[PDB]
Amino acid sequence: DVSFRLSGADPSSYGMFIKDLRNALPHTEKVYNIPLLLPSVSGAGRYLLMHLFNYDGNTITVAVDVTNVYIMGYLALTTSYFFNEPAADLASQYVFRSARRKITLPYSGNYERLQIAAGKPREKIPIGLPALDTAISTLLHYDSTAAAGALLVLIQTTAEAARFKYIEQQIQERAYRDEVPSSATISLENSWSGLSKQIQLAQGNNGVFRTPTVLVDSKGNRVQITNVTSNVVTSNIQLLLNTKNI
């Protein structure tokens, strides 16, 4: 299981935690040198548990589906919380079984629903390590509205970071000062599926995308991705959603 402690955390250890997180996700083949996530995994092995310690030392353990990196729920002391969706439902059958009581949140785990519950788009939610420390603290003491925003932070400083090196770096820059994500970061988070798909469909198409993926670069400019030589593919994306799950 992968751990990360916010006390004494700096860009280096966060990077190491994020590396650990990538290493914990199983894969058989690589596509254009990028680990390909399994189509499916049966049993409790389908879930990865992240122990997260906030600055004061308090911890929550988060359950992640290793086939897509989606957070399914988490455990705070003796209570367990899972999103209101089938996947998480299934997941609750394998993790945090010993929790003295289980709560299901009033929303599913997709950004659309979390932004509603939180009452604000993630474009306006500062992220960073300090922000992660808050999020961890927030989830310990239940408040579905607060948790929604906390989860939007956790998902991005965790899952999205593992998936994209750019995002990992965005977080390292925000190690001592939170800042809303650049729209490039949002652009990526929303293109993971499309990119995972087009990168796989390129395997038999000479590394050329059947359909190009439109993103926004760091300068804020609209940009098209047509082939695996792009830096997005050669340098950025670190994991790929298996096309079986698309």
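Don't overthink the numbering: it's just position in the shown sequence, from 1.
- Mean CA B-factor, 91-99 versus 73-81: the higher value falls on 91-99.
- Averaged over Cα atoms, the B-factor as recorded in the entry is higher for 214-222 than for the other of 192-200 and 214-222.
- When the CA B factors of the chain's modelled residues are split into thirds, the value for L38 lands in the highest one.
- In this PDB entry, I246 carries a Cα temperature factor that places it within the highest third of its chain's modelled residues.
- Compared with the other modelled residues of the chain, the Cα B-factor recorded for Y111 ranks in the middle third.
- Per the deposited record, the Cα B-factor of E160 falls in the lowest third when ranked against the other modelled residues of its chain.
- Among the modelled residues of the chain, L6 sits in the middle third by CA temperature factor in this PDB entry.
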